[PDB]
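Per my numbering, the very first residue in the sequence shown carries number 1; after that it's consecutive. Okay, so here's the structure we're looking at.
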Amino acid sequence: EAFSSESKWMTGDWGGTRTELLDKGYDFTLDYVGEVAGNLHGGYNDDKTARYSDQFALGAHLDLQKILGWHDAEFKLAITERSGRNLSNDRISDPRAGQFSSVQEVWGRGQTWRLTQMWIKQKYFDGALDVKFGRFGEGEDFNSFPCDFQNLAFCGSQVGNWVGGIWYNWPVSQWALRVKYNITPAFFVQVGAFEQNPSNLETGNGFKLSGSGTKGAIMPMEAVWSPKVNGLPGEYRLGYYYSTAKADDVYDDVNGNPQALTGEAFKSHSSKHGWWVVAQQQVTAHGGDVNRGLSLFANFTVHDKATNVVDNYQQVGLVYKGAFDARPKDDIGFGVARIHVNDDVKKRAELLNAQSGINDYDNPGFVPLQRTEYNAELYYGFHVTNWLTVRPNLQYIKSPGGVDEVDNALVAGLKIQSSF
Ligand SMILES: CCCCCCCCOCCOCCOCCOCCO
Ligand SMILES: OC[C@H]1O[C@@H](O)[C@H](O)[C@@H](O)[C@@H]1O
């Protein structure tokens, strides 16, 4: 401890008192994430600049069994503040049809202070049933995926990205109940009910506890299989979500006519719904070391054609830990994602342009045809200490916002992760 290579905290164990608190059931954490991005070539605006965005996360993890005598119970408090600007908005995107993904995943949801987690959790029958209640985002339990890449498409719950209008990951919180049945040490099922309340997105409501503005509920379900394949760990997720809030059609007006022709309100549907798959698998163990080798990953996502802008999404990638004996804790990442836009969204746009008489893409009143956006990242993670990782990355974006008229973007990124 103190500032050392093997402490998982930069400030160490505070002369022992941190390790005591840990024994007594208290785990206090202060985690930092900084992301830099600068355009090197292409995208909507080719004036070269750089943007920086970051996040602090202050946490309190309580073992309520030691502290209160409550048999496997846990409390968690997390507060975040985020700061900075996003390259995706400021250079890459068409201003009237912004990028779906983002070259700085850590940016978004208001750049302020938020209550990001506040929940109590208890297990029953030797950890067979797991009940969790309080405030958190869907991605924390459902459709969960790590966040080492800088590009949004390869970080966190993807359902949270493409139906992010109602499903809100970290750092947004909402009242929620999540019930989990562990059928087998390597297989579980789970369902949840999340307050769905767009006012949580408004700056000012970073610490909202009231249920005012609730539009309905999101109800995710999931099966998560974590088998060993050839002695190597994998994790496979299959899920479905259902949302009880009203959503607008992407094309039909209230009468079933194309709304681009009428200007009347969109037809309203009483719900949204979709499915997802997450798969991650370690496929090699470098020279017999389980802690090194090649891991593959994939994500697929599918959404209701009626209301969702993103039709479907796919992502494939890999990461190698410890390619070289010299740097056994370093990693190499590569990922490709495809984000397809609901064709009716495009059809509606073609109609708009037809009716405004504006057919030139360079005309501000023209409404870009959104088709398919691709993202790719290649990164290298230096394991500086156990409390510091630094990963430069290279990002490539084909048709930002799905707009073929926007040149491919080459972006340079630097992602930093540290725990104090
Ligand atoms: C900060 C923007 C710069 C772009 C980052 C580039 C990341 C892509 O590089 C990944 C591949 O680099 C391979 C490193 O070679 C390994 C050297 O280690 C050998 C040990 O002796
Ligand atoms: O709320 C979900 C997601 O929204 C994005 O704006 C943030 O940059 C992500 O860090 C976050 O995971």
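Quick reminder that beta carbons are idealized off the backbone N, C-alpha and C, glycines included.
Integer-rounded CB distance, given that residue j should sit under 8 Å from residue i
i	j	result
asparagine 299	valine 278	5 Å
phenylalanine 28	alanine 60	6 Å
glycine 211	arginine 114	With 8 Å as the limit, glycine 211 and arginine 114 do not qualify as a contact, their Cβ atoms being about 17 Å apart.
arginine 82	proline 146	That pair is no contact at about 19 Å.
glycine 293	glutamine 282	6 Å
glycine 134	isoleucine 120	6 Å
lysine 267	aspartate 289	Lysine 267 to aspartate 289, Cβ: 57 Å. No contact.
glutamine 395	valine 103	5 Å
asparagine 342	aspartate 311	4 Å
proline 400	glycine 156	The pair is not a contact, with the Cβ atoms about 20 Å apart (cut-off 8 Å).
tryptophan 167	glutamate 138	5 Å
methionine 10	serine 295	Their Cβ separation, rounded to whole angstroms, is 27 Å, which puts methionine 10 and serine 295 out of contact at 8 Å.
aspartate 54	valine 106	6 Å
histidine 286	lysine 329	Going by Cβ atoms, the distance from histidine 286 to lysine 329 rounds to 12 Å, so no, they are not a contact pair.
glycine 84	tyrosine 52	5 Å
Residues of its chain near residue i, where Cβ-Cβ distance is below 6 Å and the 5 sequence neighbours each way are ignored
i	result
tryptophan 276	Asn143, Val159, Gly239 and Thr301
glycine 38	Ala50 and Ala412
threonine 203	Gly110 and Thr112
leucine 30	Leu58 and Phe420
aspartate 331	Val319, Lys321 and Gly381
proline 233	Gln282
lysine 215	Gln196 and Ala245
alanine 223	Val189 and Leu238
residue 435	Because the chain is modelled from 1 through 420, residue 435 falls outside the range shown and cannot be assessed.
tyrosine 242	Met219 and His273
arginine 91	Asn39, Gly43 and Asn45
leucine 378	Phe334 and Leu394
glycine 12	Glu1 and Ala2
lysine 398	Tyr374 and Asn408
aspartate 63	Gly25
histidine 41	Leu410
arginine 327	none
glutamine 259	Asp253 and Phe266
Buried or exposed by the 16-neighbour rule on C-beta atoms within 10 Å, applied to residue i
i	result
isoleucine 183	exposed
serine 270	exposed
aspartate 94	buried
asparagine 255	exposed
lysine 272	buried
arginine 178	buried
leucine 261	exposed
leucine 209	exposed
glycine 164	buried
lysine 76	buried
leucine 87	buried
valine 345	buried
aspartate 23	exposed
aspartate 249	buried
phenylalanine 136	buried
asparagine 291	exposed
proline 368	buried
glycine 317	buried
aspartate 325	exposed
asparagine 169	buried
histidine 71	exposed
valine 229	exposed
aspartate 47	exposed
Chain-order list of residues whose beta-carbon lies under 7 Å from that of residue i (same chain, five-residue window excluded)
i	result
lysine 415	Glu35, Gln150, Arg391 and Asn393
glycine 213	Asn197, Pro198 and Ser199
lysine 347	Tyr251
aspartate 141	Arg178, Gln190 and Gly192
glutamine 117	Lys76, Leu77, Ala78, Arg135, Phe136 and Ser173
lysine 66	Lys24 and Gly25
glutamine 280	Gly234, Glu235, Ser295 and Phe297
Residues near residue i in its chain [Cβ-Cβ closer than 8 Å; skip 5 each side]
i	result
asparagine 386	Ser5, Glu6, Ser7 and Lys8
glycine 365	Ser356 and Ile358
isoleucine 339	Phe100, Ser101, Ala153, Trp162, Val310, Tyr313, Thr372, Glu373, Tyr374, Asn375 and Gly402
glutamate 264	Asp253, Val254, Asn255 and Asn257
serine 226	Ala186, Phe187, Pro233, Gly234, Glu235 and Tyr236
Ligand 4 heavy atom lying under 7 Å from the CB of residue i
i	result
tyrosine 241	In the structure on display, ligand 4 does not appear, and the ligands it does have are ligand 1 and ligand 2.
CB contact check: residue i to chain B, cutoff 8 Å
i	result
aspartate 130	Going by chain labels, chain B is absent from the structure shown, which holds only one protein chain.
* Taking a cut-off of 5 Å, which residues have a beta-carbon closer than that to any heavy atom of ligand 1, in chain order? -> Listed by chain position, these are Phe324, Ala326, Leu378, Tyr380, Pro392, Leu394, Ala412 and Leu414.
* Asked: Touching or not, the stretch 183-196 and the stretch 326-345, by the rule of three or more beta carbon pairs under 8 Å?
  -> Segments in contact, no.
* Asked: Should the stretch 124-143 be regarded as contacting the stretch 343-353, the criterion being three or more beta carbon pairs within less than 8 Å?
  -> Note that the stretch 124-143 does not touch the stretch 343-353; fewer than 3 beta-carbon pairs, one per stretch, sit closer than 8 Å.
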